[PDB]
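Letters go in sequence order (proteins before strands), and every chain restarts at 1. Atoms considered below: every heavy atom in the structure, side chains included; atoms not considered: hydrogens, waters and symmetry mates.
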Amino acid sequence: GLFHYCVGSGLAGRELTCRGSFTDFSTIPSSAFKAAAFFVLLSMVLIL
Amino acid sequence: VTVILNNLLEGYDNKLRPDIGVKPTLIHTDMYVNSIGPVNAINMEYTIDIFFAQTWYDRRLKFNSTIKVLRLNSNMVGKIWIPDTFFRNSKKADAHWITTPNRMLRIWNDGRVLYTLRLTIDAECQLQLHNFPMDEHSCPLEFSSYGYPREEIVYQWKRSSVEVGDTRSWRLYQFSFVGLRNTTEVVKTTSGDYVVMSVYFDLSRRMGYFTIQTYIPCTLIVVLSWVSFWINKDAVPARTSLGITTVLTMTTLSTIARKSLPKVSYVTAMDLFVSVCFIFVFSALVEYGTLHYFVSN
Amino acid sequence: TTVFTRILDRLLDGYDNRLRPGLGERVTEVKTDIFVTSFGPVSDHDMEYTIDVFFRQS
Amino acid sequence: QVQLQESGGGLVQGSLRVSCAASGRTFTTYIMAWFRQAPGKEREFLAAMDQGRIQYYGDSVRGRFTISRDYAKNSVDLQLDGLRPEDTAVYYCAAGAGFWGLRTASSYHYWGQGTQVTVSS
Amino acid sequence: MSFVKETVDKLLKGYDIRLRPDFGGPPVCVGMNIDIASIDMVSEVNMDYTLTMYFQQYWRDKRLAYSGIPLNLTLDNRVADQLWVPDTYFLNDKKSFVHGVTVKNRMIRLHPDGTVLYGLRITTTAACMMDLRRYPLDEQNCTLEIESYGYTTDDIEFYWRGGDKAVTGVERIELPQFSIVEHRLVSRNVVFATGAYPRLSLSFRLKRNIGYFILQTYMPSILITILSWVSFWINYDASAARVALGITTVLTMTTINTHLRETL
Amino acid sequence: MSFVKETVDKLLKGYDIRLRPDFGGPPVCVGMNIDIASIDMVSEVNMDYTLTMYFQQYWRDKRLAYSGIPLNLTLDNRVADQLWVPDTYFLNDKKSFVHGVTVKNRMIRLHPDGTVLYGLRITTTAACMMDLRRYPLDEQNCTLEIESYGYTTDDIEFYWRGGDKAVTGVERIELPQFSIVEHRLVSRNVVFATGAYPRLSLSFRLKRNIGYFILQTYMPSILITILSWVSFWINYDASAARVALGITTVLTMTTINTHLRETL
Amino acid sequence: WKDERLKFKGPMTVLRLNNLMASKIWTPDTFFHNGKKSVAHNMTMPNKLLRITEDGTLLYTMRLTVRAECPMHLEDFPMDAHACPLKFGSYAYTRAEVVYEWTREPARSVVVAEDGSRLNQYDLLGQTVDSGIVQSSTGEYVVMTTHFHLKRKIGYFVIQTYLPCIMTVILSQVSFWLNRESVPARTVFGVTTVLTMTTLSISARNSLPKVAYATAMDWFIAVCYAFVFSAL
Amino acid sequence: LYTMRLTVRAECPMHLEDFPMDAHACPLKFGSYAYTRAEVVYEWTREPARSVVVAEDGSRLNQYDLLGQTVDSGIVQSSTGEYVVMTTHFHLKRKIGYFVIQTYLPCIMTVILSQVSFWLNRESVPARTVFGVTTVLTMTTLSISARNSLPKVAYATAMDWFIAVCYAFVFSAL
Ligand SMILES: *[C@@H]1O[C@H](CO)[C@@H](O[C@@H]2O[C@H](CO)[C@@H](O[C@@H]3O[C@H](CO[C@H]4O[C@H](CO[C@H]5O[C@H](CO)[C@@H](O)[C@H](O)[C@@H]5O)[C@@H](O)[C@H](O[C@H]5O[C@H](CO)[C@@H](O)[C@H](O)[C@@H]5O[C@H]5O[C@H](CO)[C@@H](O)[C@H](O)[C@@H]5O)[C@@H]4O)[C@@H](O)[C@H](O[C@H]4O[C@H](CO)[C@@H](O)[C@H](O)[C@@H]4O[C@H]4O[C@H](CO)[C@@H](O)[C@H](O)[C@@H]4O[C@H]4O[C@H](CO)[C@@H](O)[C@H](O)[C@@H]4O)[C@@H]3O)[C@H](O)[C@H]2NC(C)=O)[C@H](O)[C@H]1NC(C)=O
Ligand SMILES: *[C@@H]1O[C@H](CO)[C@@H](O[C@@H]2O[C@H](CO)[C@@H](O[C@@H]3O[C@H](CO[C@H]4O[C@H](CO)[C@@H](O)[C@H](O[C@H]5O[C@H](CO)[C@@H](O)[C@H](O)[C@@H]5O)[C@@H]4O)[C@@H](O)[C@H](O[C@H]4O[C@H](CO)[C@@H](O)[C@H](O)[C@@H]4O)[C@@H]3O)[C@H](O)[C@H]2NC(C)=O)[C@H](O)[C@H]1NC(C)=O
Ligand SMILES: *[C@@H]1O[C@H](CO)[C@@H](O[C@@H]2O[C@H](CO)[C@@H](O[C@@H]3O[C@H](CO[C@H]4O[C@H](CO)[C@@H](O)[C@H](O[C@H]5O[C@H](CO)[C@@H](O)[C@H](O)[C@@H]5O)[C@@H]4O)[C@@H](O)[C@H](O[C@H]4O[C@H](CO)[C@@H](O)[C@H](O)[C@@H]4O)[C@@H]3O)[C@H](O)[C@H]2NC(C)=O)[C@H](O)[C@H]1NC(C)=O
Ligand SMILES: CCCCCCCC/C=C/CCCCCCCC(=O)O[C@H](COC(=O)CCCCCCCCCCCCCCC)COP(=O)(O)OC[C@@H](O)CO
Ligand SMILES: CCCCCCCC/C=C\CCCCCCCC(=O)O[C@H](COC(=O)CCCCCCCCCCCCCCC)COP(=O)(O)OC[C@@H](O)CO
Ligand SMILES: CCCCCCCC/C=C\CCCCCCCC(=O)O[C@H](COC(=O)CCCCCCCCCCCCCCC)COP(=O)(O)OC[C@@H](O)CO
Ligand SMILES: *[C@@H]1O[C@H](CO)[C@@H](O[C@@H]2O[C@H](CO)[C@@H](O[C@@H]3O[C@H](CO[C@H]4O[C@H](CO)[C@@H](O)[C@H](O)[C@@H]4O)[C@@H](O)[C@H](O)[C@@H]3O)[C@H](O)[C@H]2NC(C)=O)[C@H](O)[C@H]1NC(C)=O
Ligand SMILES: *[C@@H]1O[C@H](CO)[C@@H](O[C@@H]2O[C@H](CO)[C@@H](O[C@@H]3O[C@H](CO)[C@@H](O)[C@H](O)[C@@H]3O)[C@H](O)[C@H]2NC(C)=O)[C@H](O)[C@H]1NC(C)=O
Ligand SMILES: *[C@@H]1O[C@H](CO)[C@@H](O[C@@H]2O[C@H](CO)[C@@H](O[C@@H]3O[C@H](CO)[C@@H](O)[C@H](O)[C@@H]3O)[C@H](O)[C@H]2NC(C)=O)[C@H](O)[C@H]1NC(C)=O
Ligand SMILES: CCCCCCCCCCCCCCCC(=O)O
Ligand SMILES: *[C@@H]1O[C@H](CO)[C@@H](O)[C@H](O)[C@H]1NC(C)=O
Ligand SMILES: CCCCCC
Ligand SMILES: CCCCCC
Ligand SMILES: [Cl-]
């Protein structure tokens with residue numbers, strides 16, 4: 001998604017290790033993802 | 001029976017594993033979990049008490065007799081080859097020696113050896129404490145041979161791999177035991193490739209504590225901050241005291257949020273909730289300040 | 001070479017470690033010194049202190 | 001007020017015993033010591049005992065003078081054997097935790113009135 | 001198996017544990033390898049840190065060379081009692097132990113050319129002098145010094161096996177409070193009157209994370225100060241309101257300061 | 001020195017550690033001495049106190065008597081493993097150990113008449129059940145009980161060597177919270193159903209000091225209570241002042257009680 | 001137990017063995033099922049004693065500090081009661097090989113000293129002694145069980161938590177008796193009583209095991225806090 | 001020649017009357033356990049001052065400054081005989097800045113606050129009442145926090161007297 005990401009281990013099974021959280025900006029893969037998540041949060045704050 | 005044991009130990013080299021030059025030694029492992037002790041989130045570890053059993057084959061220990069099984073205490077455990085099994089993620093592990101060494105060795109006439117021992121392990125478990133206290137974890141317990149790579153020792157899980165008891169006698173204060181699973185991997189190190197085997201225990205936190213002691217008090221303090229709006233204007237001491245003392249109460253309440261947690265450098269769900277409540281009471285006090293200033297002049 | 005091993009073997013011949021040197025004829029003098037590698041923390045609650053030393057006697 | 005009263009003889013031809021009773025404070029944890037001052041204004045360390053009953057002595061009076069303590073009575077005694085004429089001096093009883101000291105008068109915060117001892121040949 | 005047993009018996013027979021490899025020859029070269037399993041604790045009060053590692057030493061012993069067995073013999077760890085090993089130790093250690101479940105977490109592996117690989121799983125508390133004047137905006141340097149107790153450079157020489165990649169797993173470490181900015185390896189000889197002693201050094205630079213202190217220390221104090229400024233916009237005659245606001249802000253700051261004192 | 005060596009060889013040779021002195025004869029009398037080095041952790045939470053001691057046992061063994069050497073043979077401590085020693089143990093201990101640096105702090109001293117002195121440096125935590133109902137105005141009785149595990153009075157007898165002077169160093173003890181008012185020694189034979197077992201007991205009477213509590217807890221409570229009476233001298237119509245005073249005194253007293261509960 | 005191999009004859013009737021010889025003799029491998037880090041005291045010497053009667057009857061006495069797990073359900077805290085167990089038996093030997101029994105009647109075979117109770121919070125009401133069988137993958141094992149019944153003392157929590165909370169609620173309700181024109185005074189009651197309840201709640205739960213579920217004390221605290229909030 | 005590496009926890013009696021302005025001389029004493037003065041005697045290899053060497057970086061003290069060492073020897077007459085005892089005394093002085101910033105100076109400013117009440121008009125009865133009583137509460141909090149960071153000694157330390165005097169001052173102001 002914007003910040004969260006699940007990936008498979010690759011052993012013919014799901015085992016989808018999931019990492020990422022907007023609350024911890026270190027886990028977000030890239031600065032573009034951080035900016036996009038921030039903008040979407042700001043939009044949600046505005047509509048609320 | 002003494003003759004059988006003397007014959008088995010005669011001309012026996014415990015420094016060498018069975019099938020040293022032939023094939024890897026296949027070991028079948030079983031676990032019975034007596035109790036998963038408390039989870040130390042501050043240290044990110046959890047205690048676990050297990051009966052750990054390992055079954056392998058040693059043709060050196062074959063014997064032909066009518067007994068068909070030699071059941072023995074720990075006395076001969078040091079007299080034969082034993083696997084080098086160790087727990088990879090154990091910060092501290094202890095065997096049991098009261099009244100005697102809690103070990104058992106059973107040798108069948110076909111050479112099969114079953115070796116069981118009781119262990120208490122402080123296993124490392126790295127906790128991603130986002131979503132606290134709604135967080136859920138899958139704490140691992142890994143083990144493998146310390147010296148023997150996959151070409152020499154290969155562990156394997158049995159059908160009844162890991163068994164658990166009542167699970168209500170366990171010492172899980174903060175969490176509820178959800179489920180269990182097992183896995184086998186090959187880990188590459190400088191020494192070589194080792195067959196590692198893991199048991200994952202799924203844990204989910206309970207929320208009665210955090211609901212009663214943190215969320216409800218914060219919500220009620222926020223409501224009491226709202227009460228200032230309904231107090232009549234020009235009752236300046238009353239509204240000012242209400243706002244500032246609600247801020248003080250929120251400050252006092254925000255201190256106990258992080259007692260359970262370590263000093264992680266990211267916000268959690270509870271921290272977010274408490275921070276938003278603090279913002280609300282601060283906004284109420286500043287709102288009254290602005291109102292009083294603009295109404296006075 | 002071999003003379004090292006021979007000397008090592010022959011040191012403890014007729015040696016009784018239960019008796020100090022010069023037992024009953026003189027006083028055993030011990031020259032001592034200390035190298036404090038780190039003067040550890042001082043605990044006021046326990047009224048104790050930790051010290052890490054290389055302690056050498058002769 | 002904390003006082004260190006000193007008792008003992010002053011004239012001997014010889015053996016002597018100089019006692020020191022402490023009042024006003026309990027000196028169980030403090031190092032109780034004896035100093036000597038001959039004419040000419042120099043104070044000389046003689047002996048000291050710590051909480052561990054460990055006896056420190058000066059080189060000039062090693063093996064001659066013996067220091068002991070009565071922790072119940074909160075007193076310190078100095079037995080002087082083998083007196084010579086040059087031992088004529090004023091003997092001071094001192095107490096205090098030994099900081100930078102245990103052989104320096106500056107480390108002791110309590111002192112006695114003193115006792116004059118003379119030896120004649 | 002009988003041939004392997006006979007070969008091991010020959011190797012261990014007549015082996016003098018007291019005598020190092022090449023006792024009269026050049027110094028034995030010991031290559032050291034580390035795999036950092038975890039850094040558990042970092043105690044500012046005690047000025048130390050706990051470290052779990054796999055510590056491996058590689059050397060060559062001609063006495064332990066065998067032929068006709070094309071495989072590296074991984075022997076039971078107890079044979080380490082019957083073989084010479086380096087007198088390695090950690091200079092800045094406060095307490096350490098070798099893990100002992102299910103057995104002693106120790107490894108002996110011989111090679112046909114006489115190369116001994118000796119591994120130990122070690123949990124060690126190591127002293128780390130700390131300068132916390134800039135706390136929590138501090139960057140500490142914590143080191144592990146490996147040295148030989150009894151031998152000098154004339155007898156034993158240390159080196160990092162694999163160069164700069166001799167210490168692995170550091171990047172996989174995660175600490176709740178710190179971040180490993182960089183780790184370095186050094187190999188030198190400390191020269192004394194008795195002789196030159198070989199030393200290795202594994203250093204880490206830990207940067208303390210600030211988000212915890214931003215959330216728990218800085219923002220509360222800033223907001224309480226901002227609220228204390230509200231009194232200037234209240235009428236001068238409203239003595240009860242302004243006095244209560246100021247004194248309660250002082251009380252709240254005292255509460256924050258005290259709680260930060262017991263919690264940190 | 002040689003003659004001493006054959007003398008010690010004669011004594012130790014043909015010595016059966018399994019048989020006590022006067023095995024078929026009357027009981028062996030074991031005198032006991034204690035020198036109290038320190039009493040450290042008088043814990044109300046754990047109901048125990050930690051105590052370090054030099055513990056000496058004296059007993060006559062005719063097998064170890066020697067002649068021709070007019071000096072007391074102080075032997076290396078390891079010989080204690082070769083000689084018979086009493087069955088002594090502390091009944092009320094919870095955790096005890098012999099200090100073991102630089103070596104095991106043991107002492108074996110033989111005398112020409114056959115007397116054997118066996119000294120140990122022991123730090124032991126001992127249970128002391130405290131009745132803290134009158135706390136902090138309380139006096140505690142903390143005891144150390146010494147007993148023979150597997151011998152009765154017909155085999156072994158205990159006594160305090162030197163009478164009431166057997167236990168020393170108590171006068172030099174001082175605790176941050178307590179003061180040793182008195183110490184007592186009593187020797188008695190516990191008449192168990194199997195038989196009479198010897199026992200010694202060293203009791204201390206500890207009186208707690210109240211300088212801590214006069215300042216920390218009593219004085220703030222008294223002064224807050226006094227301040228609560230200021231409301232009576234304020235006019236009845238001044239509702240805000242009197243109410244704030246009373247309720248803030250309530251809050252201060254609650255704070256005092258809660259934090260006192262935490263600290264104590 | 002009995003060991004015919006160790007039958008002897010002589011002037012003796014009982015022979016006591018030292019540790020070195022006693023370690024060379026088979027003894028039961030008894031262990032505590034719910035045990036933890038336990039201590040076998042060896043001060044000044046190993047606190048064990050092995051005696052052999054002439055007819056091969058072995059008696060083996062040990063002094064132990066057993067530390068054992070006692071599962072607790074603290075929902076009714078501080079009005080809770082527990083039955084802390086002590087289960088033990090052979091480790092390696094099944095019921096077909098080693099069977100344990102009580103030397104006397106089961107109630108009389110676990111004897112507690114009169115002055116032995118070292119409990120601060122609890123009161124030892126009594127003990128229940130029994131025997132049973134536990135089935136595992138390795139086999140069936142005899143298990144000797146004891147259950148010590150404990151009742152928590154309530155007075156400390158009454159004086160420290162319940163009474164101050166009750167009086168804080170009473171203080172909050174006292175605000176109803178003042179004139180409605182004393183607005184700052186009644187506001188001060190309400191908010192300061194809320195703060196006092198918060199302090200009491202934090203202190204009360206500070207000295208309690210960190211259980212994530214709700215205890216009776218928690219319900220009382222929350223309900224009193226609700227009354228104080230409702231008064232404001 | 002016999003060399004060892006040791007870690008020693010050792011007792012250091014402390015006279016905390018002048019806390020945090022107190023200074024101590026922590027001892028390190030050793031000697032033979034079994035052999036008396038007539039059998040084994042210890043001596044320093046070099047001059048006693050230079051026979052105990054502290055490393056330049058070896059001061060792992062947070063709240064103390066290691067001023068220096070004093071090396072000495074003596075005799076102890078125990079129940080079993082006379083023994084030579086070799087002693088060192090490490091001279092420590094406490095650092096005071098922490099207690100100045102955390103305890104003394106907030107207490108001083110709180111007393112100054114309690115005295116500032118005298119400059120308000122006497123007719124502001126609720127203001128001055130709340131002001132004084134909240135100042136008393138602030139001193140209570142500061143005293144609790146201060147004494148949380150002390151050992152549980154009986155007699156009164158200097159900082160305890162300072163806190164008590166300031167608390168009496170705010171009481172008298174109210
Ligand atoms: C630096 O220096 C330190 C200190 O020296 C050193 O630490 C030491 O490490 C060694 C291992 O390298 C360790 O030794 C082993 O200990 C075994 C038993 O347990 C001992 O520890 C437990 C618990 O302690 C641990 O607790 C924590 C973890 O749980 C943690 O703190 C530590 O890990 C700690 O060690 C303790 O409860 C035991 O207490 C006793 O009971 C034992 C019962 O087996 C007994 O062996 C002990 O001697 C001891 O008994 C006395 O004390 C108790 C009370 O405590 C009394 O009740 C008794 O009456 C006694 O007075 C132990 O302390 C021990 O079993 C090991 O010995 C076995 O194994 C070795 C190796 O294989 C063999 O050589 C031995 O012969 C022996 O093996 C026999 O028994 C096993 C079954 O146990 C059989 O399988 C064998 O076949 C064999 O039996 C057969 O042969 C024998 C003859 O050989 C024959 O008699 C039999 O009938 C049979 O035929 C070994 O001693 C040591 O304890 C530890 N010291 C400490 C911590 O103080 C570091 O390693 C050093 N570091 C470095 C890097 O150099
Ligand atoms: C954490 O904190 C620790 C300190 O606590 C930091 O450690 C220090 O790191 C620096 C490097 O950053 C070290 O300096 C270097 O040491 C290496 C080691 O090799 C040396 O070993 C030889 C013996 O085998 C020795 O003789 C040589 O060094 C000496 O050379 C001459 C004498 O011949 C003498 O005059 C010098 O003063 C040296 O003592 C030998 O080199 C050394 O190679 C380094 O040289 C630098 O410069 C050269 C030339 O440009 C370059 O080629 C090198 O690559 C290197 O850049 C340098 O001397 C220092 O010793 C460490 N201190 C201690 C006490 O260990 C650590 O770096 C910090 N790290 C982190 C993670 O924060
Ligand atoms: C702290 O608190 C503890 C409480 O637990 C105090 O401990 C007890 O201390 C008192 C003394 O302070 C002890 O009293 C004494 O015991 C002696 C023992 O002598 C006797 O022992 C013989 C066996 O060796 C026995 O045959 C004789 O008879 C009696 O003794 C048995 C015990 O075996 C007993 O069952 C009966 O009482 C028998 O009558 C022999 O007497 C005893 O001699 C003392 O009595 C004497 O005092 C008078 C005046 O001096 C004397 O003239 C008499 O002869 C009388 O006998 C006294 O009873 C008590 O035993 C201790 N109890 C325990 C359980 O240890 C401790 O003192 C407190 N200390 C501090 C510092 O507060
Ligand atoms: C009207 C009523 C009048 C009443 C009268 C009121 C009078 C007010 C008395 C103040 C006494 C102050 C305490 C003096 C005690 C002496 C203490 C001293 O010697 O100074 C240093 C310590 O202080 C320190 O550095 C710590 C200094 C901290 C400074 C913080 C700045 C605060 C600024 C806010 C304003 C402050 C002034 C307000 C006073 C009213 C010594 O350490 P040094 O250097 O050797 O080594 C580094 C160090 O970390 C170890 O000591
Ligand atoms: C008790 C509190 C009382 C005071 C009240 C406070 C009220 C404030 C309110 C909102 C702002 C929240 C600010 C939170 C600041 C938290 C501090 C912070 O930002 O952390 C930094 C990192 O960034 C991070 O991950 C943090 C990223 C996310 C931060 C934003 C959180 C969501 C904000 C949505 C707000 C909605 C407002 C609506 C109110 C109506 C630290 O860097 P550092 O390298 O060391 O980490 C190392 C890393 O690798 C560790 O994993
Ligand atoms: C101003 C006049 C001055 C009055 C001032 C009075 C002062 C306050 C009162 C008592 C203090 C006594 C000290 C505290 C002692 C604790 C009280 C006490 O001893 O009795 C307990 C009974 O508990 C219990 O029933 C539990 C009940 C606790 C008491 C409260 C229940 C009634 C509350 C109704 C709400 C009314 C709301 C007002 C509405 C108008 C235990 O029993 P027992 O010893 O056998 O131990 C058996 C075993 O559990 C260990 O205690
Ligand atoms: C509890 O306290 C007991 C004393 O009250 C302790 O008893 C002593 O325990 C030691 C160790 O078991 C016994 O053995 C000593 O062994 C050394 C040499 O040891 C080495 O060689 C032997 C023989 O092959 C081997 O078994 C060891 O593992 C070593 O490899 C000798 O030099 C000593 O003289 C002595 O024999 C002692 O004999 C024993 N005491 C007595 C009086 O018998 C006991 O260990 C303590 N338990 C603990 C520490 O938990
Ligand atoms: C017995 O032990 C020896 C020594 O460890 C083993 O030899 C080593 O085997 C590895 C794996 O084949 C070799 O790795 C390779 O090295 C080259 C050169 O660096 C590199 O290009 C390859 O990508 C790979 O990493 C290694 O060089 C070789 N020799 C050493 C370490 O000196 C041997 O395989 C073991 N064999 C058995 C059957 O026990
Ligand atoms: C060998 O060991 C014996 C026994 O410990 C030593 O004898 C003891 O020596 C001391 C010192 O003289 C005696 O103490 C003193 O006794 C006199 C007796 O009049 C008394 O006035 C003093 O106050 C002090 O108590 C102790 O009683 C004595 N023990 C005996 C004789 O059993 C002996 O010195 C040691 N060394 C040699 C070389 O024999
Ligand atoms: C820094 C924030 C402090 C809190 C301020 C709360 C009340 C502010 C009231 C509005 C201030 C802005 C009006 C300025 C009018 C002017 O020009 O003087
Ligand atoms: C453990 O592994 C075995 C074989 O890999 C499997 O049959 C068993 O179901 C696993 N246990 C679980 C999933 O709990
Ligand atoms: C009007 C009654 C309110 C009760 C609050 C619990
Ligand atoms: C009107 C009654 C108010 C009740 C508050 C819960
Ligand atoms: Cl998230």
Should H/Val40 and C/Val27 count as side-chain neighbours, where that means a heavy-atom distance under 4.5 Å? no

For the CZ atom of C/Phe35 and the OG atom of H/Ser51, what is their distance to the nearest 0.5 Å? 13.5 Å

With a 4.5 Å cut-off on side-chain heavy atoms, are H/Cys12 and C/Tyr49 touching? yes

Residue H/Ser59 versus chain C: region with a heavy atom under 4.5 Å: backbone

Might you confirm whether atom CG of H/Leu1 has over 12 heavy atoms from other residues, nucleotides or ligands at distances under 6.0 Å? yes

H/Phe118, CZ: over 12 other non-hydrogen atoms inside 6.0 angstrom: yes

I'd like to verify something: which residue of H/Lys152, H/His24, H/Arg37, H/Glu43 has the highest number of heavy-atom pairs under 4.5 Å with chain C? H/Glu43

Assess whether atom CZ of H/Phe169 is packed by more than 12 heavy atoms of other residues, nucleotides or ligands within 6.0 Å. no

Greatest number of non-hydrogen atom pairs under 4.5 angstrom with chain C, of H/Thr7, H/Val8, H/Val52, falls to H/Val8

How many angstroms lie between CZ in H/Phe90 and CD1 in C/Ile51, if you round to the nearest 0.5 Å? 3.5 Å

Residues H/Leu92, C/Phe39; criterion side chain to side chain contact (heavy atoms under 4.5 Å, CB included); working and verdict: CA-CA 11 Å; H/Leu92 311 173; C/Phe39 194 75; 3.8 Å; yes

Side-chain (H/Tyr35) to main-chain (C/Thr28) donor-acceptor, under 3.5 angstrom: no

Under 4.5 Å from a heavy atom of chain C, the part of H/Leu28 involved: both

If you take all heavy atoms of C/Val42 and H/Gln63, which pair is closest and at what distance? O-NE2, 3.5 Å

Considering only heavy atoms, which portion of H/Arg46 lies under 4.5 Å from any heavy atom of chain C: side chain, backbone, both, or neither? side chain

So, the part of H/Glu56 with a heavy atom under 4.5 Å from chain C: the answer is neither

Plane angle bin for H/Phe30 and C/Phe55 - parallel if under 30°, tilted between 30 and 60°, otherwise perpendicular: perpendicular

Does any backbone or side-chain atom of H/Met14 lie under 4.5 Å from a heavy atom of chain C? Answer side chain, backbone, both or neither. both

Test item: C/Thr32 and H/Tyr2 side chains (from C-beta on) under 4.5 Å apart, heavy atoms: no

About how many Å separate CG of C/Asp33 and OG1 of H/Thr3, when rounded to the nearest 0.5 Å? 8.0 Å

Tell me, yes or no, whether the heavy-atom count around C/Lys31 atom NZ, taken from other residues, nucleotides or ligands under 6.0 Å, exceeds 12. no

Which atom names give the shortest non-hydrogen contact between C/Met47 and H/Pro13, and what distance separates them? CE-CA, 3.9 Å

Can you confirm whether more than 12 heavy atoms, excluding those of C/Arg20, are under 6.0 Å from its CZ atom? yes

Carboxylate-amine/guanidinium proximity below 4.0 Å for C/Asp52 and H/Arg5: yes

Tell me, do H/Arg9 and C/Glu48 make a side-chain contact under 4.5 Å, heavy atoms counted? yes

Quick one: which of C/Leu23, C/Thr37, C/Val53, C/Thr50 has the most heavy-atom pairs under 4.5 Å with chain H, could you say? C/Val53

Interatomic spacing from OH in H/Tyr42 to CD in C/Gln57 - rounded to 0.5 Å: 5.0 Å

With only heavy atoms counted, which part of H/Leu61 is less than 4.5 Å from chain C, the side chain, the backbone, both or neither? both

May I ask you to test the H/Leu6-C/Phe54 pair for a side-chain heavy-atom distance under 4.5 Å? no

